[PDB]
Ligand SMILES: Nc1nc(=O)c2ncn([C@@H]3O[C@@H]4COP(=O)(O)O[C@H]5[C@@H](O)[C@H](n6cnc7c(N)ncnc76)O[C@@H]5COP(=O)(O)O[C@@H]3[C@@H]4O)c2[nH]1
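There is one chain below, alone, in structure tokens, taken in the form deposited without the ligand.
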């Protein structure tokens, strides 16, 4: 019930101070690293892009794991879609500071990746108890991992910043008109977009990223401009997204040996949550006193995506995150059985 869920949220608060304290450490090493690249290197126009769970105020676990994005302003970019993927692109340019990594017209992800990796190893040795370590490449993003005081892992993604208007594959995405309004949609789509190096599954492809927009929505999320700015307009949208993330995290924990749920990530949960916000656009559909109902809305929609094997990227609707090419049918059916069981029994995974 809604009291069991409120107890989970209270338990998650006990971890607030360790996450924020660790975020202070990350920021200290990141600003130091950033000012070496910024001063003099092949990545001079670099800048910090403050995105990810922590900056969205929905990081509720893993105080030793942070994702950080560096952005790189580039001269005007021309894109070329990789086959019919809708999310993966080759980068071209319409005498620029990236000429080093070009191969003909195409900007080489793996070459730029490789210099970035080396340039940071070189500047890291000069930084107090911080090292570079290699996790699974995952297509090139995260591009490099830092280990701060040999305790905190910081995954750092290099992202190109394009101030051009969004690619065609986003035209029907970001369907926030009935929720956040058409005015907000136009305003958000005048913002830049980002490209992160990412194998599409041998190629030099990049994938669109809209983390800065996901942060904007999450921190300005009501139909009312004053949603969550006073006690009469405290909604439970964020509490539901935190509970969805914690649900998945706790389920993955119960399979740490075989790791059957390894392919599922909080990005999947976050994408499904944005679709529910679109489907339930009124702030009264997220009254704090209806927490148990809104959480059920989030869980059944997430079950529906697993059963239909369809979870469309919130910005690129033809990019299906749950297609069998990415997540096999068997993993989705296994996660469906667990979540179904938990939903029908008032979430015994949350019992103390």
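Throughout, rigid core stands for the largest set of C-alpha atoms superposing within 1.5 Å between the two forms. Residue numbers count along the first chain shown, from 1.
Keep in mind that the form solved in complex with the ligand is missing from the display, and what follows is about it.
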Spot the stretch among 98 to 106, 149 to 157, 121 to 129, 72 to 80 with residues whose non-hydrogen atoms come within 4.5 Å of the ligand in the deposited bound form. 149 to 157
In the deposited bound form, does residue 138 have a heavy atom within 4.5 Å of the ligand? yes
Classify residue 283 as contacting or not contacting the ligand in the deposited bound form by the rule of any non-hydrogen atom within 4.5 angstroms, answering yes or no. no
So, residue 193 and the ligand: in the deposited bound form, are they within 4.5 Å at any heavy atom pair? no
I'd like to know if residue 265 sits close to the ligand in the deposited bound form, meaning any non-hydrogen atom pair within 4.5 angstroms. yes
Sequence order please: the residues of 1 to 32 with a heavy atom within 4.5 Å of the ligand in the deposited bound form. none
Kindly specify the one residue in 253, 150, 80, 229 whose Cα moves by 2 Å or more between this form and the one not shown, with superposition done on the rigid core. 150
Quick one: core overlaid, is residue 300 moving 2 Å or more at the Cα between this form and the one not shown? no
Residue shift check between this form and the one not shown, rigid core fit, residue 136 Cα at least 2 Å: yes
Any chance the CA of residue 41 moves 2 angstroms or more between this form and the one not shown, core superposed? yes
Where do residue 246 and residue 137 end up in the deposited bound form, Cα atoms closer or farther than shown, with a change of 3 Å or more? closer
How does the CA gap of residue 137 and residue 262 change in the deposited bound form versus this form, closer or farther, if it moves 3 angstroms or more? closer
